[PDB]
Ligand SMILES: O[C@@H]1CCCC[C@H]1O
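Here's a solo chain for you in structure tokens, the form solved without the ligand.
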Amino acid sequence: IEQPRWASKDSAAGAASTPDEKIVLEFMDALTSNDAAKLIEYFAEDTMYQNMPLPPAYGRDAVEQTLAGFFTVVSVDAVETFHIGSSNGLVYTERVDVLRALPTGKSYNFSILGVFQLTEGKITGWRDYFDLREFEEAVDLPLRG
């Protein structure tokens, strides 16, 4: 993965300068664990996770069930974060996620802009925006959308 031409080092991952920004970057790194039990500990009880516009998961239990199910069929092979920033209680990651489908071996680069809302350092909302055209094929599950 090459740094796009629009990347700005003023907003680079290395330049994260708030506790919320730094926790999110740590959480980006943990995604390659493909461990739902490890990822869930970043989340408040009152939380939500959604890849738009698929049905949202609300509450810790639903978020963990969703992640564990995703890790059953896909491996997050790499997370490259070009931009991270924050504003008005929200954190934004502009990034690429490399996903590999386990039954097929095929790999997929997804360009993702994600928003995170943290409360006392725990994730209260997580929403990723990206194209789903190849997400259906990448993910051997009905996505209900």
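Heads up: residue numbers just count along the shown sequence, starting at 1.
Quick note: we don't show the form deposited with the ligand bound, though the next part is all about it.
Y92, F82, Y42, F70 - the one with a heavy atom within 4.5 Å of the ligand in the deposited complex:
When the ligand is considered in the deposited complex, the option within 4.5 Å is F70.
The ligand: the contacting residue among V115, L31, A101, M48 in the deposited complex [heavy atom, 4.5 Å]:
The option sitting close enough to the partner is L31.
Tell me, yes or no, whether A57 is in contact with the ligand in the deposited complex, where a contact means a heavy atom of each within 4.5 Å.
Contact check for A57: no, nothing within 4.5 Å of the ligand in the deposited complex.
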